[PDB]
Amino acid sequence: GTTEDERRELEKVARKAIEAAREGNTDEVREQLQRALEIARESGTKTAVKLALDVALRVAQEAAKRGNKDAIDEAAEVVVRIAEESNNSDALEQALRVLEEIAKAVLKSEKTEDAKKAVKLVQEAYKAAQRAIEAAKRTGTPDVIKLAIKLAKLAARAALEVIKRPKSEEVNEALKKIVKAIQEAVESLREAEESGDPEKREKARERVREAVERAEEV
């Protein structure tokens, strides 16, 4: 929960940030989004983190209405920082869910072919991270959940770079690698538990570990 004033202070930051986004003042967007983040740290609660993510989303949505791409980058940047600072699977799902919406916001304003490609590609990264999370929770093993979280972090950052520079092919290929690796880890996890013969299970386990290192190398 949040003290009734904490909810008020965030809405104050929200309006100030939204205004800066509307007026295209990015440095003020950057500062206000910082304040929203620091509230989330001080509070340290899941519900506060979700509120900060909402502020970042509203900032991106408003900047997209006015064609201010830079303010969108600031929203995406803070979302990934919230995600990378988190250690629970709910924040990561929320974070990647917002990055999808931000990528859509980029499309509305930019409206370029690259933006269209980036949007389609971030929601596949969100879909892969979600599946990996759900599968890890089905195992009940915390260390497998730690892994799903780690991969969702990698997917989030790599989705930010796409948002920042959708034209760059290096950036775009980097996420393609991550998404594939995540999908490979999910299948391997399923096979490591479901497979009929022991040889395939062992190979699946070695496969999980191999897919993680690859995404880390990207």
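Residue numbers run from 1 along the displayed sequence.
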property: Higher-scoring stretch by recorded Cα B factor average, 6 to 14 or 204 to 212; result: 6 to 14
property: Segment of higher mean CA temperature factor, 26 to 34 or 52 to 60; result: 26 to 34
property: Peak C-alpha temperature factor (PDB record), options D73, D143, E110, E85; result: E110
property: From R138, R81, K117, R131, residue of greatest CA B-factor; result: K117
property: Relative C-alpha B-factor of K153, binned into the chain's lowest, middle or highest third; result: lowest
property: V171 - Cα temperature factor, lowest/middle/highest third of chain; result: highest
